[PDB]
Amino acid sequence: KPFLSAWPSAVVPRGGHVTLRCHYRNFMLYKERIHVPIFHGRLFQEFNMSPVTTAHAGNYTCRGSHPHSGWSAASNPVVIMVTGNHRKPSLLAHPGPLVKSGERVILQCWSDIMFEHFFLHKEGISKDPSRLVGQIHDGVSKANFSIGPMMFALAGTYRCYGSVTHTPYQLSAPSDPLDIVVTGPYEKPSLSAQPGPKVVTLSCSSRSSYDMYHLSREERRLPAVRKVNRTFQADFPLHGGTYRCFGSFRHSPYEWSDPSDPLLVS
Amino acid sequence: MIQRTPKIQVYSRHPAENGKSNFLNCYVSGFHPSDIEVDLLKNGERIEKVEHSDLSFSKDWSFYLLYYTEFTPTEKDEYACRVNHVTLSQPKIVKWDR
Amino acid sequence: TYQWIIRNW
Amino acid sequence: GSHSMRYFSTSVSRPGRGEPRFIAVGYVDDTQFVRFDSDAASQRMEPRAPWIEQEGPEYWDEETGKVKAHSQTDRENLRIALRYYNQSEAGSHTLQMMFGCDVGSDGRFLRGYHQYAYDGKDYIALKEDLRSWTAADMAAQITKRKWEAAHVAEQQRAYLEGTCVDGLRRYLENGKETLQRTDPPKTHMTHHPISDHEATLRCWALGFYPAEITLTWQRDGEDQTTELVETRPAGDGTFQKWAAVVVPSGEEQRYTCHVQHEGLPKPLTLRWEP
Ligand SMILES: *[C@@H]1O[C@H](CO)[C@@H](O)[C@H](O)[C@H]1NC(C)=O
Ligand SMILES: *[C@@H]1O[C@H](CO)[C@@H](O)[C@H](O)[C@H]1NC(C)=O
Numbered sequence: 007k008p009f010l011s012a013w014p015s016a017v018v019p020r021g022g023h024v025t026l027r028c029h030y031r036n037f038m039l040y041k042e044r045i046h047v048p049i050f051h052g053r054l055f056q057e059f060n061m062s063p064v065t066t067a068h069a070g071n072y073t074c075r076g077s078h079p080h081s084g085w086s087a088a089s090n091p092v093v094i095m096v097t098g099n100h101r102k103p104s105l106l107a108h109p110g111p112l113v114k115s116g117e118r119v120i121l122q123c124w125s126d127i128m129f130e131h132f133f134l135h136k137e138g139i140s141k142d143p144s145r146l147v148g149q150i151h152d153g154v155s156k157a158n159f160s161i162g163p164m165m166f167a168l169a170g171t172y173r174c175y176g177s178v179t180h181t182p183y184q185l186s187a188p189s190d191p192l193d194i195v196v197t198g199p200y201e202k203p204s205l206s207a208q209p210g211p212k213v219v220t221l222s223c224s225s226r227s228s229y230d231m232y233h234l235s236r237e242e243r244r245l246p247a248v249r250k251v252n253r254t255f256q257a258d259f260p261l266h267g268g269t270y271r272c273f274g275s276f277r278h279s280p281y282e283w284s285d286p287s288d289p290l291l292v293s
Numbered sequence: 000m001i002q003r004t005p006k007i008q009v010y011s012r013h014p015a016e017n018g019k020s021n022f023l024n025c026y027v028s029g030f031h032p033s034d035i036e037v038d039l040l041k042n043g044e045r046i047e048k049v050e051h052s053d054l055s056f057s058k059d060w061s062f063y064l065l066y067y068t069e070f071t072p073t074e075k076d077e078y079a080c081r082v083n084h085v086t087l088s089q090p091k092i093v094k095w096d097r
Numbered sequence: 001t002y003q004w005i006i007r008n009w
Numbered sequence: 001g002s003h004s005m006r007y008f009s010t011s012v013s014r015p016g017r018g019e020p021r022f023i024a025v026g027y028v029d030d031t032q033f034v035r036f037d038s039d040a041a042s043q044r045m046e047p048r049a050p051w052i053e054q055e056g057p058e059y060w061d062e063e064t065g066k067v068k069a070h071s072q073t074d075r076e077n078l079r080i081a082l083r084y085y086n087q088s089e090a091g092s093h094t095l096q097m098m099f100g101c102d103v104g105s106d107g108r109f110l111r112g113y114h115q116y117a118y119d120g121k122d123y124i125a126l127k128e129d130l131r132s133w134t135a136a137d138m139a140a141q142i143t144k145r146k147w148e149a150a151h152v153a154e155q156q157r158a159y160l161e162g163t164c165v166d167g168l169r170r171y172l173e174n175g176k177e178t179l180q181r182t183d184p185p186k187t188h189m190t191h192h193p194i195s196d197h198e199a200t201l202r203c204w205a206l207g208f209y210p211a212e213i214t215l216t217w218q219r220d221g222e223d224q225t228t229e230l231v232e233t234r235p236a237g238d239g240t241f242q243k244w245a246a247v248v249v250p251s252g253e254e255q256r257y258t259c260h261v262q263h264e265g266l267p268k269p270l271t272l273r274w275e276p
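Chains as they are written, first to last, in the deposited numbering: chain G, 7 to 31, 36 to 42, 44 to 57, 59 to 81, 84 to 213, 219 to 237, 242 to 261, 266 to 293; chain B, 0 to 97; chain C, 1 to 9; chain A, 1 to 225, 228 to 276.
If you want it as structure tokens, here you go:
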């Protein structure tokens with residue numbers, strides 16, 4: 007069985023570019044016209061779809077040349095989804111985008127546009143988007159995607175999409191991105207204020228070697248400094268409120284420590 | 000990237016006796032990375048029904064695999080092992096020596 | 001008996 | 001005597017050729033007993049030795065759940081590895097892991113291991129004390145910092161001291177006739193002349209278990225360190243090895259091959275004769 011893959015991504019903006027590669031041992039392409048070669052039987056050899065149009069949207073399989081037979087069995091299914099064909103939906107995190115390790119979160123996609131299907135896509139994942147039917151209520155169509163149990167693989171930047179009934183692979187423009195962050199189990203840091211909480220600067224320190232600290236009010244980001252006494256700190260300059272901070276490491280922007288204990292600035 | 004060419008050993012499970020059922024083995028070891036092409040050949044022809052063990056490695060992290068098939072040797076039958084690897088520009092053929 | 005391997009690099 | 005249990009896993013990325021592939025194997029001593037292979041249809045842990053085949057269904061469900069969990073973890077670590085080493089997503093890479101434990105003759109814990117390699121080179125390893133980590137380069141220093149911040153060595157220590165040794169002891173009883181067996185080598189010598197003034201003496205050892213063995217050639221007592231071949235599996239659970247030396251014609255009697263193996267009551271001293 008040939009292995010079919012899209013590159014760089016099967017979710018591709020109109021006007022963008024995607025290459026279908028078909029690895030075997036010359037090859038032809040098919041769309042779910045199961046026995047009809049695409050493009051009147053083109054032998055692609057080296059398929060660079062560019063610029064991508066809505067005609068490229070589809071569910072594809074390939075077969076490669078096999079002289080001692084003269085073709086292979088069909089490839090794995092790759093669904094090319096073309097985005098940018100309707101106005102964008104909205105994406106909301108319930109209860110919020112900060113998710114304790116091991117817990118769960120609902121990512122709700124909704125729109126005033128009446129989408130028959132919703133797709134949820136983590137940026138940079140080659141996995142097939144999750145698909146749900148749009149449910150209708152009060153002038154909006156919506157979908158609750160359940161994410162979890164949380165772990166590093168599920169943290170990252172998410173977008174959701176809508177499609178309409180007769181063009182299920184023609185997706186809307188992406189919603190504004192939502193960053194979903196996994197917190198824990200790294201040891202929580204300490205939050206303090208300078209001169210103090212009544213007024219200001221908030222200091223986050225820890226014995227663990229975080230490269231970044233993140234201050235969240237009931242977010243903001245800054246690099247920690249090696250400081251001294253073997254402590255990694257960061258100072259965030261600021266009407267007060269409930270504040271926490273989280274440590275984070277290089278090359279892992281979506282995984283944070285347990286939250287510091289809450290601190291109240293009044 | 001570290002890269003290790005495979006050592007190759009072609010041999011029989013039991014002492015070869017013409018007319019006696021046996022197993023032809025090709026043991027490849029010490030190679031990195033793990034993708035490798037191994038064929039048992041009989042008079043230059045690939046033998047079908049070749050089995051192989053599950054991929055494993057040693058303390059040096061270098062890989063090893065055993066390829067084997069049932070075979071009855073004869074005086075007129077020349078057996079060999081053909082190994083291809085990233086570290087080999089041409090496939091390497093090692094003859095079985097009784 | 002396998003070990004739970006859950007910690008990412 | 002002493003014994004060991006080891007799990008070995010290999011993760012391989014192959015962009016454009018397949019999804020990342022994960023293979024895990026479990027060994028007791030030189031005897032493989034389970035495998036899991038991501039590309040296979042079972043998508044579960046399978047027995048590879050007769051004596052584990054009578055573990056109940058809950059065992060296989062439990063073990064499958066854990067090795068599938070490992071598969072997901074190591075495929076993300078490939079992705080992380082691309083970031084730590086600032087490598088492109090087109091290349092193929094290898095992520096290898098080993099964990100397990102040794103016990104002595106009395107069944108008590110002796111040693112535990114939990115190490116990783118990336119691209120055939122050491123990455124990070126749990127130290128003998130089961131409390132601290134050895135990081136082999138600057139990328140692993142990151143992982144080390146994370147794992148210290150997570151206090152994860154505690155979980156490794158509880159598994160190595162408890163779960164791992166408990167399992168090893170159970171398997172030693174389950175496969176006693178096979179794991180605690182001791183097959184001695186069947187030995188012989190071949191002779192082939194290389195030239196008009198030299199000849200090759202090859203000392204052979206076949207059919208032995210376990211795989212540890214010493215073949216040595218001595219010429220009048222002093223070992224003439228010679229050609230040694232790596233010990234190889236016969237395919238039936240026994241191993242084979244040979245050692246060869248080049249000798250002056252008319253001197254084969256001065257040379258003796260020496261065989262040391264746990265299956266032998268007394269080490270063997272073999273001398274060639276036509
Ligand atoms: C794509 O096609 C395959 C078979 O042609 C089908 O099984 C699959 O459900 C289709 N859709 C998606 C989203 O993969
Ligand atoms: C989706 O989840 C939210 C929780 O934030 C809930 O209030 C809502 O009713 C759910 N949607 C449906 C259709 O039940």
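Don't be surprised by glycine CBs; every beta carbon is placed ideally from N, CA and C.
- Query: Does ligand 1 have a heavy atom nearer than 8 Å to the CB of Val-93(G)?
  - Reply: yes
- Message: Measuring straight from C-alpha to C-alpha, what distance separates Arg-83(A) and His-151(G)?
- Response: 43 Å
- Message: Using beta carbons (cut-off 9 Å, strictly below), is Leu-39(B) in contact with chain A?
- Response: no
- Identify each residue in the segment 271 to 292 of chain G for which the Cβ-Cβ distance to at least one residue of chain A is less than 8 Å, and report them in chain order. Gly-274, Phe-276, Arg-277, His-278, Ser-279 and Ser-284
- Item | Whether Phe-255(G) touches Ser-222(G) by CB criterion (9 Å) | no
- Shell residues, 6 Å Cβ cut-off relative to heavy atoms of ligand 2: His-108(G), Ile-120(G), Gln-122(G), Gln-149(G) and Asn-158(G)
- Is the beta carbon of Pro-8(G) less than 9 Å from the beta carbon of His-23(G)? no
- Task: Spell out whether any CB of chain A is found under 9 Å from the CB atom of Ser-55(B).
- Result: yes
- Message: Please report whether the beta-carbon of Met-165(G) lies at a distance below 9 Å from any beta-carbon of chain C.
- Response: yes
- What three-state label does DSSP hand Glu-58(A) in the structure shown? helix
- Message: Quick check on the DSSP output: the beta strand (DSSP E) that includes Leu-134(G) runs from which residue to which?
- Response: 131 to 136
- Name the one or two DSSP bridge partners that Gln-218(A) has. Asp-223(A) and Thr-258(A)
- Task: Verify the contact flag: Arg-145(G), CB atom, against every heavy atom of ligand 1, threshold strictly below 8 Å.
- Result: yes
- Message: Classify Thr-31(A): buried if its beta carbon has 16 or more other beta carbons within 10 angstroms, exposed otherwise.
- Response: buried
- Task: Give the residues of chain G in contact with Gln-72(A), contact being defined as C-beta atoms less than 8 Å apart.
- Result: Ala-167
- Item | chain A contact residues for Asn-24(B), given Cβ-Cβ distances below 8 Å | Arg-234, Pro-235, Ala-236 and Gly-237
- Message: Give me the chain C residues within the contact set of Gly-167(A), using Cβ-Cβ distance strictly less than 7 Å, ordered along the chain.
- Response: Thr-1
- Query: Closer than 9 Å, Cβ to any Cβ of chain C: which residues of the segment 135 to 167 of chain A, in chain order?
  - Reply: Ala-139, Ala-140, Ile-142, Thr-143, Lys-146, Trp-147, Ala-150, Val-152, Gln-155, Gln-156, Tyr-159, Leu-160, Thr-163, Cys-164, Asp-166 and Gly-167
- Would a check of beta-carbon distances place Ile-5(C) closer than 9 Å to chain G? no
- Item | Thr-73(G): CB within 8 Å of a non-hydrogen atom of ligand 1 | yes
- Message: Please state the DSSP three-state secondary structure of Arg-157(A).
- Response: helix
- Could you have a look at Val-27(B) and say whether DSSP puts it in helix, strand or coil? strand
- Query: Any contact of the segment 273 to 281 of chain G with the segment 44 to 53 of chain B, i.e. 3+ C-beta pairs under 8 Å?
  - Reply: no
- Three CB pairs or more closer than 8 Å across the segment 16 to 32 of chain B and the segment 61 to 72 of chain B: yes
- Item | Three-state secondary structure (DSSP) of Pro-184(A) | coil
- Message: Determine, for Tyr-84(A), whether the minimum Cβ-Cβ distance to residues of chain G falls below 9 Å.
- Response: yes
- Please confirm if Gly-107(A) has its CB atom under 9 Å from at least one CB of chain C. no
- Put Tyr-85(A) into one of helix, strand or coil per three-state DSSP. helix
- Could you tell me how far apart the beta carbons of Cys-80(B) and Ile-35(B) are, in whole angstroms, since I believe they sit closer than 8 Å? In fact, because the Cβ distance is near 12 Å, the residues do not count as touching under 8 Å.
- Cutoff 9 Å: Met-189(A) Cβ touching any chain C Cβ: no
- Tell me, to the nearest whole angstrom, how far the beta carbon of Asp-74(A) is from that of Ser-11(A); I am working on the premise that it is less than 8 Å. 4 Å
- C-beta contact flag for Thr-66(G) and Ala-187(G) at 9 Å: no
- Kindly identify the DSSP beta-bridge partner or partners of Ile-124(A). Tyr-116(A) and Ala-135(A)
- Message: Tell me which residues share the same chain as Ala-16(G) and place their Cβ nearer than 8 Å to its Cβ, disregarding the 5 neighbours each side in the sequence.
- Response: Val-24, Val-92, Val-93, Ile-94, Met-95, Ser-140 and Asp-142
- Task: Round the Cβ separation of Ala-153(A) and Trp-133(A) to the nearest angstrom and send it over; I've been treating them as touching at under 8 Å.
- Result: 7 Å
- Flag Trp-13(G) as yes if its beta-carbon sits less than 9 Å from any beta-carbon of chain A, otherwise no. yes
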